[PDB]
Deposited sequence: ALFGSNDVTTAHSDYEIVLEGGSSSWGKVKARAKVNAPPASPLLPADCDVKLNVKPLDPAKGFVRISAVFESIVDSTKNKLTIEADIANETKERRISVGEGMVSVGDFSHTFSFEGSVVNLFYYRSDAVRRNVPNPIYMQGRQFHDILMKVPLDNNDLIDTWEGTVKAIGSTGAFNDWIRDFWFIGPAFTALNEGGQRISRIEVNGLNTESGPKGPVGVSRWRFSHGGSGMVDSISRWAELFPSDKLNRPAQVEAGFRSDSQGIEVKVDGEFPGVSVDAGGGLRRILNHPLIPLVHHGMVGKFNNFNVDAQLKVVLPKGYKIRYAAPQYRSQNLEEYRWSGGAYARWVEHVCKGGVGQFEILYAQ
């Protein structure tokens, strides 16, 4: 029988939206990857840089093995809000695949805009979900052309841009490789044609550098969390100490195994009336994973454990928890099991938890 075994745990901090999240999962069904096996490890870290100007330093490392090819991507960036709609970033990183690698540095800004703002909606809807909007990226990137492969790609690109009028359109076929293209529509997401503002070869300290300045916008009909939850997804103001997440998966023709461990702020939020809630589930991950969650029938063997800070209690949970031991609450079987099956297949049915002192 195909069985998914999972275990999730959330330990909340008092007052502080911080939480520790742990997850383990294993399913004996094949992944929908046309190249197997595929293993990946991810490590994310962020630390307060300069709280006066709202800067944080984020670092990410992705490492994987796909059909015997070793890949790696690292990125380090400094990010800050300038206004409520405009955020800026500056960073550098590296990509490496087998014997090949290249570096890059960049600076960019993103402006997030909602299509409407209405007090009539605001005062009448206590927990608004869909927020339609558009987000603008303005990027400057630099890559040292220090090997023949880079030179070839740079020259090929400069040739294409200057010869093909549809380049700004067709580039999207290249960018959203494989089923990434398909996922755009699934999430109510649109990518505009790009605008190329400048392409130059500079003379760097150590050699020629390919410099490019370009922009694009991305629209969302309300499920794109990047747009609808712009402020909430970057809780820089609550980052009083370093946060981190380590996650990884191993997969082949027999099954998938995953592990996650992290601690960061933003896990709980003020729900008003003196109540707090675990944050609303982001929609994108459920909709995108929904594209791969329907290929094998499975049974669910799942459990969730929520540990509240001392003296806090759950005022409302639906689905309902099965047991409680002081501050620890557990869910398993029954309606919780049906909800897990549901979300693993792509459903976004609400699972709400409100707690208070």
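Positions of the deposited sequence absent from the coordinates, in order: 1 to 7, 23.
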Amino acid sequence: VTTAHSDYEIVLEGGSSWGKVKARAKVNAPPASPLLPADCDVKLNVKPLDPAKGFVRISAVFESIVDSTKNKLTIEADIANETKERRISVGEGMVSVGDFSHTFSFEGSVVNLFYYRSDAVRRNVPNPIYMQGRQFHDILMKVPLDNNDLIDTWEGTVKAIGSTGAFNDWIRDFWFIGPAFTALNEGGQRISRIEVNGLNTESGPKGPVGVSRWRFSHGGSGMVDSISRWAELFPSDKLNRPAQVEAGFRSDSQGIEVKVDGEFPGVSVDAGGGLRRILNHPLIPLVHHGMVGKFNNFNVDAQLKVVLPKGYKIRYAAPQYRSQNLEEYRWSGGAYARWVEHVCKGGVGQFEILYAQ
From here on, numbers count along this sequence of modelled residues.
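Set 164 to 172 against 249 to 257 and average the Cα temperature factors; 164 to 172 ends up higher. Comparing 20 to 28 with 338 to 346, the higher mean C-alpha B-factor in the PDB entry belongs to 20 to 28.
Annotation for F181, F136, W230, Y116: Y116 ranks highest, by Cα B-factor.
In this structure the maximum Cα B-factor among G210, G93, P282, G188 is found at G210.
In this PDB entry, the Cα temperature factor of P205 sits in the top third of its chain's modelled residues, the highest group. Annotation for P319: CA B-factor lies in the middle third of the chain's modelled residues. In the deposited entry, the Cα temperature factor of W154 places it in the highest third of its chain's modelled residues. Among all modelled residues in its chain, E85 ranks in the highest third by Cα B-factor. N297: CA B factor lies in the middle third for its chain, per the PDB record.
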